[PDB]
file entry.pdb (PDB, C-alpha atoms and all ligand atoms)
ATOM      1  CA  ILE A   1       0.000   0.000   0.000
ATOM      2  CA  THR A   2       0.940   3.663  -0.342
ATOM      3  CA  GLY A   3       2.011   5.201   2.937
ATOM      4  CA  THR A   4       4.963   6.365   4.980
ATOM      5  CA  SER A   5       7.668   4.072   6.324
ATOM      6  CA  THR A   6       7.497   3.543  10.080
ATOM      7  CA  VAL A   7       9.150   1.376  12.745
ATOM      8  CA  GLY A   8       7.006  -0.781  15.003
ATOM      9  CA  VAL A   9       7.974  -3.010  17.897
ATOM     10  CA  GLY A  10       6.769  -6.406  18.990
ATOM     11  CA  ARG A  11       7.547  -9.872  20.270
ATOM     12  CA  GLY A  12       8.338 -12.936  18.194
ATOM     13  CA  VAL A  13       7.346 -16.573  18.644
ATOM     14  CA  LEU A  14      10.101 -17.195  21.225
ATOM     15  CA  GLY A  15       9.228 -14.106  23.277
ATOM     16  CA  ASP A  16      12.050 -11.879  22.029
ATOM     17  CA  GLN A  17      11.456  -8.190  21.385
ATOM     18  CA  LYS A  18      12.405  -6.773  18.004
ATOM     19  CA  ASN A  19      11.778  -3.736  15.840
ATOM     20  CA  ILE A  20      10.012  -4.232  12.512
ATOM     21  CA  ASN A  21       9.700  -2.035   9.429
ATOM     22  CA  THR A  22       6.064  -1.089   8.849
ATOM     23  CA  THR A  23       4.047   1.301   6.676
ATOM     24  CA  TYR A  24       1.488   3.775   8.029
ATOM     25  CA  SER A  25      -1.724   4.650   6.203
ATOM     26  CA  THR A  26      -4.683   4.711   8.639
ATOM     27  CA  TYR A  27      -3.317   1.402   9.978
ATOM     28  CA  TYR A  28       0.254   0.230  10.455
ATOM     29  CA  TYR A  29       0.933  -2.574   7.981
ATOM     30  CA  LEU A  30       3.624  -5.271   7.930
ATOM     31  CA  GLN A  31       5.168  -3.700   4.844
ATOM     32  CA  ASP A  32       8.915  -3.044   4.970
ATOM     33  CA  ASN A  33       9.854  -0.524   2.276
ATOM     34  CA  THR A  34      13.543  -0.503   3.232
ATOM     35  CA  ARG A  35      14.432  -3.666   1.279
ATOM     36  CA  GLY A  36      14.026  -3.912  -2.465
ATOM     37  CA  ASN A  37      10.455  -3.621  -3.685
ATOM     38  CA  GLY A  38       9.208  -4.438  -0.213
ATOM     39  CA  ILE A  39       8.621  -7.241   2.270
ATOM     40  CA  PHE A  40       4.918  -7.864   2.897
ATOM     41  CA  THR A  41       3.418 -10.120   5.566
ATOM     42  CA  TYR A  42      -0.177 -11.380   5.461
ATOM     43  CA  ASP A  43      -2.721 -12.979   7.800
ATOM     44  CA  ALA A  44      -4.201 -16.221   6.403
ATOM     45  CA  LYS A  45      -6.609 -16.318   9.390
ATOM     46  CA  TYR A  46      -6.404 -20.109   9.862
ATOM     47  CA  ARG A  47      -7.651 -20.645   6.286
ATOM     48  CA  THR A  48      -5.856 -21.895   3.190
ATOM     49  CA  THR A  49      -6.791 -19.064   0.840
ATOM     50  CA  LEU A  50      -3.628 -17.173  -0.040
ATOM     51  CA  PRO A  51      -2.187 -14.719   0.549
ATOM     52  CA  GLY A  52      -4.944 -13.515   2.861
ATOM     53  CA  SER A  53      -4.972  -9.900   4.083
ATOM     54  CA  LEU A  54      -1.936  -7.651   4.400
ATOM     55  CA  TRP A  55      -1.294  -7.494   8.134
ATOM     56  CA  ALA A  56      -2.896  -4.366   9.615
ATOM     57  CA  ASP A  57      -2.365  -3.147  13.186
ATOM     58  CA  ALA A  58      -3.879  -0.117  14.907
ATOM     59  CA  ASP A  59      -0.942   1.046  17.052
ATOM     60  CA  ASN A  60       2.341  -0.237  15.512
ATOM     61  CA  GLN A  61       2.763  -2.520  18.570
ATOM     62  CA  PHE A  62       2.922  -6.263  17.914
ATOM     63  CA  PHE A  63       2.959  -7.939  21.345
ATOM     64  CA  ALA A  64      -0.217 -10.013  21.070
ATOM     65  CA  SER A  65       0.146 -13.782  20.910
ATOM     66  CA  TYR A  66      -1.597 -13.714  17.519
ATOM     67  CA  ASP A  67       1.015 -11.231  16.229
ATOM     68  CA  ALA A  68       4.103 -13.304  17.086
ATOM     69  CA  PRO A  69       4.312 -15.476  13.933
ATOM     70  CA  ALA A  70       3.847 -12.398  11.757
ATOM     71  CA  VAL A  71       6.595 -10.489  13.597
ATOM     72  CA  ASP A  72       9.080 -13.283  12.961
ATOM     73  CA  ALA A  73       8.084 -14.047   9.366
ATOM     74  CA  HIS A  74       8.479 -10.358   8.527
ATOM     75  CA  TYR A  75      11.718  -9.808  10.469
ATOM     76  CA  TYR A  76      13.470 -12.999   9.357
ATOM     77  CA  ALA A  77      12.545 -12.340   5.742
ATOM     78  CA  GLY A  78      14.442  -9.069   6.169
ATOM     79  CA  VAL A  79      17.467 -10.885   7.589
ATOM     80  CA  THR A  80      17.406 -13.342   4.697
ATOM     81  CA  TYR A  81      17.162 -10.492   2.180
ATOM     82  CA  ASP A  82      20.162  -8.840   3.856
ATOM     83  CA  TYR A  83      22.202 -12.040   3.720
ATOM     84  CA  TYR A  84      21.669 -12.501  -0.003
ATOM     85  CA  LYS A  85      22.312  -8.826  -0.789
ATOM     86  CA  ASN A  86      25.316  -8.290   1.487
ATOM     87  CA  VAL A  87      27.022 -11.676   1.108
ATOM     88  CA  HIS A  88      26.153 -12.630  -2.489
ATOM     89  CA  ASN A  89      25.211  -9.304  -4.139
ATOM     90  CA  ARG A  90      21.793 -10.787  -4.947
ATOM     91  CA  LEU A  91      18.801  -8.424  -4.818
ATOM     92  CA  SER A  92      15.898 -10.540  -3.523
ATOM     93  CA  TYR A  93      15.120 -14.019  -4.781
ATOM     94  CA  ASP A  94      14.899 -13.065  -8.456
ATOM     95  CA  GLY A  95      17.989 -10.847  -8.439
ATOM     96  CA  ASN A  96      15.796  -7.845  -9.362
ATOM     97  CA  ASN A  97      14.342  -6.946  -5.959
ATOM     98  CA  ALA A  98      11.056  -8.858  -6.261
ATOM     99  CA  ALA A  99       8.667  -8.169  -3.405
ATOM    100  CA  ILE A 100       8.851 -10.866  -0.730
ATOM    101  CA  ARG A 101       5.431 -12.024   0.492
ATOM    102  CA  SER A 102       4.717 -14.299   3.483
ATOM    103  CA  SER A 103       1.463 -15.518   5.005
ATOM    104  CA  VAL A 104       1.177 -16.742   8.596
ATOM    105  CA  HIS A 105      -1.628 -18.558  10.441
ATOM    106  CA  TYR A 106      -2.050 -20.858   7.427
ATOM    107  CA  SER A 107      -4.708 -23.511   8.135
ATOM    108  CA  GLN A 108      -5.221 -25.037  11.604
ATOM    109  CA  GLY A 109      -2.455 -26.822  13.486
ATOM    110  CA  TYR A 110      -0.433 -27.002  10.276
ATOM    111  CA  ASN A 111       2.963 -28.636  10.895
ATOM    112  CA  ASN A 112       4.863 -27.193   7.961
ATOM    113  CA  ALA A 113       6.018 -24.136   6.051
ATOM    114  CA  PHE A 114       6.704 -23.806   2.353
ATOM    115  CA  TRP A 115       7.442 -21.681  -0.687
ATOM    116  CA  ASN A 116       4.553 -22.040  -3.123
ATOM    117  CA  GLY A 117       6.139 -20.587  -6.258
ATOM    118  CA  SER A 118       4.917 -17.074  -5.409
ATOM    119  CA  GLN A 119       5.241 -16.587  -1.648
ATOM    120  CA  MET A 120       6.169 -18.070   1.698
ATOM    121  CA  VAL A 121       3.529 -19.805   3.818
ATOM    122  CA  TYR A 122       3.768 -20.698   7.532
ATOM    123  CA  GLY A 123       1.618 -22.984   9.625
ATOM    124  CA  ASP A 124       1.222 -22.408  13.361
ATOM    125  CA  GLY A 125       2.068 -26.018  14.202
ATOM    126  CA  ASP A 126      -0.107 -28.151  16.457
ATOM    127  CA  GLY A 127       1.798 -27.091  19.575
ATOM    128  CA  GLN A 128       3.325 -30.572  19.898
ATOM    129  CA  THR A 129       5.353 -31.236  16.751
ATOM    130  CA  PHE A 130       5.867 -27.521  16.037
ATOM    131  CA  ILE A 131       5.179 -24.072  17.404
ATOM    132  CA  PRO A 132       4.636 -21.403  14.700
ATOM    133  CA  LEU A 133       7.276 -22.178  12.114
ATOM    134  CA  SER A 134       8.358 -18.590  11.350
ATOM    135  CA  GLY A 135      10.015 -18.638  14.773
ATOM    136  CA  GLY A 136      12.974 -20.423  13.179
ATOM    137  CA  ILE A 137      15.318 -18.217  11.162
ATOM    138  CA  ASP A 138      16.716 -21.334   9.489
ATOM    139  CA  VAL A 139      13.167 -22.313   8.494
ATOM    140  CA  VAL A 140      12.425 -18.872   7.031
ATOM    141  CA  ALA A 141      15.714 -18.743   5.135
ATOM    142  CA  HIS A 142      15.305 -22.351   3.980
ATOM    143  CA  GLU A 143      11.975 -21.567   2.414
ATOM    144  CA  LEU A 144      13.031 -18.293   0.793
ATOM    145  CA  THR A 145      16.013 -20.155  -0.653
ATOM    146  CA  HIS A 146      13.546 -22.275  -2.644
ATOM    147  CA  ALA A 147      12.608 -19.056  -4.428
ATOM    148  CA  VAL A 148      16.277 -18.406  -5.220
ATOM    149  CA  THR A 149      16.524 -21.938  -6.587
ATOM    150  CA  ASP A 150      13.330 -21.467  -8.627
ATOM    151  CA  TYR A 151      14.852 -18.444 -10.358
ATOM    152  CA  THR A 152      18.261 -20.023 -10.947
ATOM    153  CA  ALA A 153      19.047 -23.746 -11.152
ATOM    154  CA  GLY A 154      15.372 -24.745 -11.136
ATOM    155  CA  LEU A 155      16.083 -28.171  -9.599
ATOM    156  CA  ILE A 156      13.067 -30.412 -10.175
ATOM    157  CA  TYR A 157      11.473 -31.343  -6.848
ATOM    158  CA  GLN A 158      11.905 -35.112  -7.140
ATOM    159  CA  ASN A 159      14.643 -37.744  -6.665
ATOM    160  CA  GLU A 160      18.257 -36.514  -6.656
ATOM    161  CA  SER A 161      17.607 -33.047  -8.103
ATOM    162  CA  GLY A 162      14.941 -32.605  -5.449
ATOM    163  CA  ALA A 163      17.266 -33.753  -2.655
ATOM    164  CA  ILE A 164      19.785 -31.192  -3.921
ATOM    165  CA  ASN A 165      17.000 -28.585  -3.905
ATOM    166  CA  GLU A 166      16.213 -29.417  -0.250
ATOM    167  CA  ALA A 167      19.885 -29.481   0.766
ATOM    168  CA  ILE A 168      20.511 -26.080  -0.864
ATOM    169  CA  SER A 169      17.692 -24.738   1.300
ATOM    170  CA  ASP A 170      19.103 -26.395   4.441
ATOM    171  CA  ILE A 171      22.594 -25.087   3.609
ATOM    172  CA  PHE A 172      21.552 -21.479   3.087
ATOM    173  CA  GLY A 173      19.017 -21.663   5.913
ATOM    174  CA  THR A 174      21.930 -22.552   8.168
ATOM    175  CA  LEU A 175      24.254 -19.925   6.682
ATOM    176  CA  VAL A 176      21.597 -17.271   7.297
ATOM    177  CA  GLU A 177      21.252 -18.544  10.871
ATOM    178  CA  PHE A 178      25.003 -18.059  11.308
ATOM    179  CA  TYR A 179      24.780 -14.629   9.655
ATOM    180  CA  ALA A 180      22.282 -13.476  12.288
ATOM    181  CA  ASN A 181      24.484 -15.113  14.955
ATOM    182  CA  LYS A 182      21.868 -16.139  17.547
ATOM    183  CA  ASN A 183      22.433 -19.696  18.814
ATOM    184  CA  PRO A 184      23.701 -20.786  15.370
ATOM    185  CA  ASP A 185      24.150 -24.474  14.700
ATOM    186  CA  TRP A 186      24.138 -27.053  11.907
ATOM    187  CA  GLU A 187      20.685 -28.368  12.885
ATOM    188  CA  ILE A 188      17.413 -27.562  11.104
ATOM    189  CA  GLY A 189      14.322 -26.238  12.842
ATOM    190  CA  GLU A 190      15.507 -26.631  16.422
ATOM    191  CA  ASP A 191      13.914 -23.341  17.545
ATOM    192  CA  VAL A 192      10.352 -24.374  16.602
ATOM    193  CA  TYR A 193      10.413 -28.193  16.702
ATOM    194  CA  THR A 194       8.889 -30.200  19.593
ATOM    195  CA  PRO A 195       8.530 -27.602  22.367
ATOM    196  CA  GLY A 196       8.319 -30.456  24.878
ATOM    197  CA  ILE A 197      11.681 -32.017  23.913
ATOM    198  CA  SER A 198      14.959 -30.160  24.416
ATOM    199  CA  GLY A 199      18.030 -30.537  22.225
ATOM    200  CA  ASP A 200      16.413 -32.080  19.144
ATOM    201  CA  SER A 201      15.704 -30.795  15.652
ATOM    202  CA  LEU A 202      14.120 -31.855  12.495
ATOM    203  CA  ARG A 203      17.320 -32.694  10.599
ATOM    204  CA  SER A 204      21.008 -32.498  11.409
ATOM    205  CA  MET A 205      23.578 -31.486   8.823
ATOM    206  CA  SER A 206      26.531 -32.389  11.043
ATOM    207  CA  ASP A 207      25.142 -35.888  11.697
ATOM    208  CA  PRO A 208      22.114 -36.632   9.513
ATOM    209  CA  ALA A 209      21.935 -40.187  10.828
ATOM    210  CA  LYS A 210      20.959 -38.864  14.265
ATOM    211  CA  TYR A 211      17.420 -38.550  12.846
ATOM    212  CA  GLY A 212      17.620 -41.542  10.505
ATOM    213  CA  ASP A 213      18.709 -39.703   7.369
ATOM    214  CA  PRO A 214      21.539 -41.059   5.203
ATOM    215  CA  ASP A 215      25.061 -39.682   5.501
ATOM    216  CA  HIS A 216      26.489 -41.697   2.608
ATOM    217  CA  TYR A 217      25.316 -42.409  -0.936
ATOM    218  CA  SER A 218      25.275 -46.150  -0.210
ATOM    219  CA  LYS A 219      22.461 -45.499   2.293
ATOM    220  CA  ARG A 220      20.306 -43.434  -0.090
ATOM    221  CA  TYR A 221      16.548 -43.975  -0.187
ATOM    222  CA  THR A 222      15.272 -45.177  -3.490
ATOM    223  CA  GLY A 223      11.522 -45.427  -2.887
ATOM    224  CA  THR A 224       8.731 -43.094  -3.906
ATOM    225  CA  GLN A 225       7.755 -41.525  -0.585
ATOM    226  CA  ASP A 226       8.601 -37.879   0.024
ATOM    227  CA  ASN A 227       8.938 -37.199  -3.726
ATOM    228  CA  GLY A 228      11.654 -39.831  -3.886
ATOM    229  CA  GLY A 229      13.194 -38.963  -0.536
ATOM    230  CA  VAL A 230      13.934 -35.266  -1.055
ATOM    231  CA  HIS A 231      14.096 -34.598   2.718
ATOM    232  CA  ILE A 232      15.883 -37.911   3.338
ATOM    233  CA  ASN A 233      18.614 -37.986   0.716
ATOM    234  CA  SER A 234      19.283 -34.301   1.369
ATOM    235  CA  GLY A 235      21.285 -35.625   4.343
ATOM    236  CA  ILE A 236      23.986 -36.884   1.981
ATOM    237  CA  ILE A 237      24.507 -33.403   0.515
ATOM    238  CA  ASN A 238      24.043 -31.692   3.897
ATOM    239  CA  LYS A 239      26.819 -33.874   5.294
ATOM    240  CA  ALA A 240      29.134 -33.020   2.392
ATOM    241  CA  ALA A 241      28.480 -29.293   2.916
ATOM    242  CA  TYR A 242      29.108 -29.599   6.662
ATOM    243  CA  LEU A 243      32.384 -31.411   5.960
ATOM    244  CA  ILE A 244      33.474 -28.774   3.422
ATOM    245  CA  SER A 245      32.936 -26.060   6.015
ATOM    246  CA  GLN A 246      33.936 -27.751   9.275
ATOM    247  CA  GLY A 247      36.130 -30.671   8.195
ATOM    248  CA  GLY A 248      36.329 -34.081   9.816
ATOM    249  CA  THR A 249      36.874 -37.750   9.094
ATOM    250  CA  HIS A 250      33.791 -39.578   7.829
ATOM    251  CA  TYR A 251      33.772 -43.279   6.954
ATOM    252  CA  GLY A 252      37.557 -43.089   7.137
ATOM    253  CA  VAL A 253      37.854 -40.207   4.633
ATOM    254  CA  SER A 254      39.453 -37.021   5.959
ATOM    255  CA  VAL A 255      38.211 -33.590   4.880
ATOM    256  CA  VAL A 256      40.103 -30.349   5.476
ATOM    257  CA  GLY A 257      37.552 -27.736   6.506
ATOM    258  CA  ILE A 258      37.541 -24.377   4.738
ATOM    259  CA  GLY A 259      34.901 -22.465   6.705
ATOM    260  CA  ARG A 260      31.305 -21.366   6.254
ATOM    261  CA  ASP A 261      31.977 -18.293   4.111
ATOM    262  CA  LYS A 262      33.814 -20.300   1.465
ATOM    263  CA  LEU A 263      31.150 -23.017   1.571
ATOM    264  CA  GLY A 264      28.529 -20.358   0.892
ATOM    265  CA  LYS A 265      30.512 -18.880  -2.003
ATOM    266  CA  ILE A 266      31.096 -22.290  -3.600
ATOM    267  CA  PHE A 267      27.491 -23.441  -3.298
ATOM    268  CA  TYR A 268      26.010 -20.087  -4.347
ATOM    269  CA  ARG A 269      28.133 -20.128  -7.494
ATOM    270  CA  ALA A 270      27.195 -23.746  -8.184
ATOM    271  CA  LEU A 271      23.502 -22.947  -7.750
ATOM    272  CA  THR A 272      23.532 -19.839  -9.957
ATOM    273  CA  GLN A 273      26.089 -20.791 -12.638
ATOM    274  CA  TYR A 274      26.247 -24.561 -13.020
ATOM    275  CA  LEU A 275      23.278 -26.555 -11.701
ATOM    276  CA  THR A 276      20.304 -27.233 -13.992
ATOM    277  CA  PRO A 277      16.772 -28.552 -13.385
ATOM    278  CA  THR A 278      17.900 -32.188 -13.784
ATOM    279  CA  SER A 279      21.246 -32.113 -11.943
ATOM    280  CA  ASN A 280      21.986 -35.263  -9.935
ATOM    281  CA  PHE A 281      24.426 -35.709  -7.032
ATOM    282  CA  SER A 282      27.365 -36.529  -9.312
ATOM    283  CA  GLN A 283      26.646 -33.357 -11.303
ATOM    284  CA  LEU A 284      26.451 -31.349  -8.080
ATOM    285  CA  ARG A 285      29.931 -32.611  -7.198
ATOM    286  CA  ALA A 286      31.236 -31.457 -10.583
ATOM    287  CA  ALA A 287      29.464 -28.109 -10.225
ATOM    288  CA  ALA A 288      30.995 -27.521  -6.789
ATOM    289  CA  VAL A 289      34.475 -28.529  -7.988
ATOM    290  CA  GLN A 290      34.189 -26.125 -10.920
ATOM    291  CA  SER A 291      32.833 -23.334  -8.713
ATOM    292  CA  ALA A 292      35.698 -23.758  -6.246
ATOM    293  CA  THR A 293      38.112 -23.819  -9.192
ATOM    294  CA  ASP A 294      36.672 -20.526 -10.473
ATOM    295  CA  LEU A 295      36.924 -18.872  -7.060
ATOM    296  CA  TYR A 296      40.153 -20.291  -5.640
ATOM    297  CA  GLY A 297      42.111 -22.032  -8.395
ATOM    298  CA  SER A 298      42.485 -25.635  -9.490
ATOM    299  CA  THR A 299      45.400 -26.282  -7.105
ATOM    300  CA  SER A 300      43.622 -24.712  -4.131
ATOM    301  CA  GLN A 301      42.846 -26.328  -0.802
ATOM    302  CA  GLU A 302      39.230 -25.337  -1.424
ATOM    303  CA  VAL A 303      39.025 -27.540  -4.535
ATOM    304  CA  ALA A 304      40.776 -30.417  -2.754
ATOM    305  CA  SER A 305      38.391 -30.156   0.205
ATOM    306  CA  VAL A 306      35.316 -30.206  -2.053
ATOM    307  CA  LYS A 307      36.589 -33.448  -3.591
ATOM    308  CA  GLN A 308      37.352 -34.962  -0.179
ATOM    309  CA  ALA A 309      33.877 -34.144   1.131
ATOM    310  CA  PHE A 310      32.051 -35.715  -1.805
ATOM    311  CA  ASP A 311      34.379 -38.727  -1.547
ATOM    312  CA  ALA A 312      33.498 -39.047   2.136
ATOM    313  CA  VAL A 313      29.769 -39.268   1.354
ATOM    314  CA  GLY A 314      30.300 -41.670  -1.549
ATOM    315  CA  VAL A 315      29.459 -39.265  -4.409
ATOM    316  CA  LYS A 316      31.748 -39.495  -7.438
TER     317      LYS A 316
HETATM  318 CA    CA B 401      -1.064  -3.654  18.020
HETATM  319 CA    CA B 402      20.024 -22.469  16.214
HETATM  320 CA    CA B 403      19.420 -24.304  12.978
HETATM  321 CA    CA B 404      12.387 -29.577  20.541
END
call {"tool": "encode", "arguments": {"input": "entry.pdb", "output": "structure tokens", "more": "lines below"}}
Ligand SMILES: [Ca+2]
Ligand SMILES: [Ca+2]
Ligand SMILES: [Ca+2]
Ligand SMILES: [Ca+2]
result
Amino acid sequence: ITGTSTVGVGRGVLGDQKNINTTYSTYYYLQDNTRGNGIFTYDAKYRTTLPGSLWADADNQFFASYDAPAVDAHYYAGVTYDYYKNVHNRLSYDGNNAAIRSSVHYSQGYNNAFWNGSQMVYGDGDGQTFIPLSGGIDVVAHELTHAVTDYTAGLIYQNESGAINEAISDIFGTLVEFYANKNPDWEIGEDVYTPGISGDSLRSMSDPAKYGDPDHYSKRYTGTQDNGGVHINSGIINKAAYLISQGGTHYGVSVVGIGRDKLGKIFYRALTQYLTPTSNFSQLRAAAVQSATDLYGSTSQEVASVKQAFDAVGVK
């Protein structure tokens, strides 16, 4: 909407106070004009019609329980925008400052969040498996990264290309979590998953097998569930990315770690310059090797570490 840029204040899903960019015109709206062509957050009102209504508030104060998922979806979209712009010189998900739209309160007790090809959508969770999913910065950044993938590599959401798609979202979700630097880790969803169980998460990149996901190509799922295992076989790529960044010895294969920033550069270049809609794991390995070669040189430690990591997870 047309109005003047304002700064509201509120509380997120985890009870933390933060400032949020709003727009004033009769009401204060969750419309941040400071980033690109805007970040807009909508109320789906427990229904599944999207996007719902642009979030309107009478006083620019967002401390009600009902406001919390909207506060975090809006704020963490801004953090994700900043990561892509500041770290990768990418202006929004399309590279041309497309408006970023998110809807919260989607459906009733909905235990998921997703990018739908046009916008981000967050369930509130059922209070047992999840609390409102926008409370996790890694979740928000994971889902917005699907939009980046849509506009670049276009990895088909099935089988190995789909597992790469998922892993790319887990990788950048985690790198955004480190960028914001609040309790960062290599786990996925830990801030909003199972409020009654401490210390767990939905997936682990450092040890995917902790939650039953494969950490080696020889353990890949080949069935048809989960679009051919896109959230299962992502563990193989998540483990390779973790090893590239942090190093370690995995199934007897040693990997020299090169750090998160270089991991992000290598995988962002692979995603935007080399991967295609049908890329498989072997082609991802070649894309990452070429990306590291472009950035650091063929004789670099970075190239050698990429090769070691894919070796360690059984991807040739
Ligand atoms: Ca208010
Ligand atoms: Ca964390
Ligand atoms: Ca995390
Ligand atoms: Ca938990």
call {"tool": "resolve_selection", "arguments": {"input": "entry.pdb", "expression": "the PyMOL selection byres (((not hetatm)) within 12 of (chain B and resi 401))", "output": "list in words"}}
result
residues 8, 9, 10, 11, 22, 27, 28, 29, 30, 55, 56, 57, 58, 59, 60, 61, 62, 63, 64, 65, 66, 67, 68, 70 and 71 of chain A
call {"tool": "closest_residue", "arguments": {"input": "entry.pdb", "among": "A:281, A:193, A:221, A:274", "to": "ligand CA 402 (chain B)", "atoms": "all atoms listed in the file"}}
result
A:193
call {"tool": "residues_near_point", "arguments": {"input": "entry.pdb", "point": "(5.1, -14.9, 10.7)", "cutoff": "6 Å", "atoms": "all atoms listed in the file", "output": "PyMOL selection string"}}
result
chain A and resi 69-73+104+134
call {"tool": "resolve_selection", "arguments": {"input": "entry.pdb", "expression": "the PyMOL selection byres (((not hetatm)) within 10 of (chain B and resi 404))", "output": "ChimeraX atom specification"}}
result
/A:128-131,189-202
call {"tool": "atom_distance", "arguments": {"input": "entry.pdb", "atom1": "atom CA of residue A:77", "atom2": "atom CA of residue A:261"}}
result
20.4 Å
call {"tool": "closest_residue", "arguments": {"input": "entry.pdb", "among": "A:273, A:222, A:103, A:169", "to": "residue A:45", "atoms": "all atoms listed in the file"}}
result
A:103
call {"tool": "residues_near_ligand", "arguments": {"input": "entry.pdb", "ligand": "ligand CA 402 (chain B)", "cutoff": "9 Å", "atoms": "all atoms listed in the file", "output": "list in words"}}
result
residues 136, 137, 138, 174, 177, 178, 181, 182, 183, 184, 185, 186, 187, 188, 189, 190 and 191 of chain A
call {"tool": "write_last_selection", "arguments": {"input": "entry.pdb", "atoms": "C-alpha atoms", "output": "mmCIF file, in the coordinates of the input"}}
result
data_model
loop_
_atom_site.group_PDB
_atom_site.id
_atom_site.type_symbol
_atom_site.label_atom_id
_atom_site.label_comp_id
_atom_site.auth_asym_id
_atom_site.auth_seq_id
_atom_site.Cartn_x
_atom_site.Cartn_y
_atom_site.Cartn_z
ATOM 1 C CA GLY A 136 12.974 -20.423 13.179
ATOM 2 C CA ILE A 137 15.318 -18.217 11.162
ATOM 3 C CA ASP A 138 16.716 -21.334 9.489
ATOM 4 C CA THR A 174 21.930 -22.552 8.168
ATOM 5 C CA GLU A 177 21.252 -18.544 10.871
ATOM 6 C CA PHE A 178 25.003 -18.059 11.308
ATOM 7 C CA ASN A 181 24.484 -15.113 14.955
ATOM 8 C CA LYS A 182 21.868 -16.139 17.547
ATOM 9 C CA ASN A 183 22.433 -19.696 18.814
ATOM 10 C CA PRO A 184 23.701 -20.786 15.370
ATOM 11 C CA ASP A 185 24.150 -24.474 14.700
ATOM 12 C CA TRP A 186 24.138 -27.053 11.907
ATOM 13 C CA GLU A 187 20.685 -28.368 12.885
ATOM 14 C CA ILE A 188 17.413 -27.562 11.104
ATOM 15 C CA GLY A 189 14.322 -26.238 12.842
ATOM 16 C CA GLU A 190 15.507 -26.631 16.422
ATOM 17 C CA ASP A 191 13.914 -23.341 17.545
#
call {"tool": "residues_near_point", "arguments": {"input": "entry.pdb", "point": "(14.3, -2.7, 5.3)", "cutoff": "10 Å", "atoms": "all atoms listed in the file", "output": "MDAnalysis selection string"}}
result
chainID A and resid 5 7 20:22 31:39 75 77:79 81:82
call {"tool": "closest_residue", "arguments": {"input": "entry.pdb", "among": "A:295, A:120, A:148, A:50", "to": "residue A:91", "atoms": "all atoms listed in the file"}}
result
A:148
call {"tool": "atom_distance", "arguments": {"input": "entry.pdb", "atom1": "atom CA of residue A:214", "atom2": "atom CA of residue A:315"}}
result
12.6 Å
call {"tool": "resolve_selection", "arguments": {"input": "entry.pdb", "expression": "the PyMOL selection byres (((chain A and resi 312) around 10) and not hetatm)", "output": "short mmCIF file (atom, residue, chain, number, x, y, z; two decimals) with C-alpha atoms, keeping the file's coordinate frame"}}
result
data_model
loop_
_atom_site.label_atom_id
_atom_site.label_comp_id
_atom_site.auth_asym_id
_atom_site.auth_seq_id
_atom_site.Cartn_x
_atom_site.Cartn_y
_atom_site.Cartn_z
CA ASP A 215 25.06 -39.68 5.50
CA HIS A 216 26.49 -41.70 2.61
CA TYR A 217 25.32 -42.41 -0.94
CA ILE A 236 23.99 -36.88 1.98
CA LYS A 239 26.82 -33.87 5.29
CA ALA A 240 29.13 -33.02 2.39
CA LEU A 243 32.38 -31.41 5.96
CA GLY A 248 36.33 -34.08 9.82
CA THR A 249 36.87 -37.75 9.09
CA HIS A 250 33.79 -39.58 7.83
CA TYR A 251 33.77 -43.28 6.95
CA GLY A 252 37.56 -43.09 7.14
CA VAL A 253 37.85 -40.21 4.63
CA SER A 254 39.45 -37.02 5.96
CA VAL A 255 38.21 -33.59 4.88
CA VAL A 306 35.32 -30.21 -2.05
CA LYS A 307 36.59 -33.45 -3.59
CA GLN A 308 37.35 -34.96 -0.18
CA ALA A 309 33.88 -34.14 1.13
CA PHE A 310 32.05 -35.72 -1.80
CA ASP A 311 34.38 -38.73 -1.55
CA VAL A 313 29.77 -39.27 1.35
CA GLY A 314 30.30 -41.67 -1.55
CA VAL A 315 29.46 -39.26 -4.41
CA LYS A 316 31.75 -39.49 -7.44
#
